[PDB]
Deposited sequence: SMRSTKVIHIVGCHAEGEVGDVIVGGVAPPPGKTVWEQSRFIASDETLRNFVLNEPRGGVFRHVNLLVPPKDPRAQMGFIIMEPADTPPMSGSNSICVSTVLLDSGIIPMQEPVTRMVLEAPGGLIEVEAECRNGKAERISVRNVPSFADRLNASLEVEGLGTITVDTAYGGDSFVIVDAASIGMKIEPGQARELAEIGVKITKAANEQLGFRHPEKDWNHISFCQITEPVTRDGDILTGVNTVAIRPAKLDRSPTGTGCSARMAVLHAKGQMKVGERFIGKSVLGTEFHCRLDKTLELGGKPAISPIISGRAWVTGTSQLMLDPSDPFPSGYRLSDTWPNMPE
């Protein structure tokens, strides 16, 4: 015989090779008056995160998204993103997976050639356009939350270097590799540490008040209205949104252009009192299965490992 203290129902999914599994049942919505507050519970409490992210049920590269009811009536569904490192306001790949699961598994009805949805992420509403064909949500385009550069060309003591800070659904300190090197993971974290110490970060209308990661980049190359940039992140759709905000701020990217790390700088906005951009992130996703997660009452690793 088996025993389980809970049963969590998941539709597995990945977007362009990034896992973004989706909890569709078995989890009541977290306490909180807003989707933001609900995500803060999930981040603080950690029970759901550890259970679905850690071995023996998850893995270091797993991301999991929890569907919850929309709090903003303009939205059809809310979701909370659980990544390995944090529980962020938004995530490109995960919003693509959530959209794909909602449409491919029939939770939201599908129109062809295009289905439009409004979803509510912790960081605000996102507009989704899905290209749908023969029953499949083939490609999802998401208008990400307002994204922006916080500091440009800020000096930071680590050598002594220059960095940008930016937000595109999560927060980054962004550094050119050559200005230091071309190991990276190790340097990346000290830089993030230092940036939090000396620059900080505060989102104008959301309570995200730290820098999560460091993005290390090499110079973009331009081909017409497409920019291509090599980068890595020391501990990506929020990465690209944040980087696009910096490139735009420094004049190296204009409205209407695309960035490939697809991302598109759709328009400018004002946020706080300062310039921001509206990024559109797009990608394809595929359902990878269904699962029912369980926990034996005698399992000595209730939070996994």
Stretches with no C-alpha atoms in the model, relative to the deposited sequence starting at 1: 159-161, 186-193, 247-255, 282-289, 334-344
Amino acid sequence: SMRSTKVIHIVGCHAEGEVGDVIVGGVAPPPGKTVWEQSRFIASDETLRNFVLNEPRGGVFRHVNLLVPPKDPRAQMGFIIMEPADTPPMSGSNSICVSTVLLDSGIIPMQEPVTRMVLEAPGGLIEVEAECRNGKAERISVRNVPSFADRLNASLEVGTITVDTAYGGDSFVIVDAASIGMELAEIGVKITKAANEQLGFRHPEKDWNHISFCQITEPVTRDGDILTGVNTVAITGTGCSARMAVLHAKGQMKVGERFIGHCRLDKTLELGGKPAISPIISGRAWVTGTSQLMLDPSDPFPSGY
From here on, numbers count along this sequence of modelled residues.
- line: Quick note on 188-196 and 116-124: per-entry mean CA temperature factor is higher in 188-196
- prompt: Would 282-290 or 12-20 have the larger average of its C-alpha temperature factors, as given in the entry?
  reply: 12-20
Options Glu205, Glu138, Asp86, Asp170 - largest CA temperature factor per the record: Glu205
- prompt: According to the deposited entry, which of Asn134, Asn94, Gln76, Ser155 has the largest Cα B-factor?
  reply: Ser155
- line: Among the modelled residues of its chain, the C-alpha B-factor of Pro109 falls in the third labelled middle
query: Considering only modelled residues of the same chain, in which third does the CA B-factor of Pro31 rank: lowest, middle or highest?
result: middle
message: Lowest, middle or highest third: which one holds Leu66 when the chain's residues are ordered by CA B-factor from the entry?
response: lowest
- request: Just say lowest, middle or highest third for the CA B-factor of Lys254 relative to the other modelled residues in its chain.
  value: highest
query: Hey, what third does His262 fall into on Cα B-factor, ranked over its chain?
result: highest
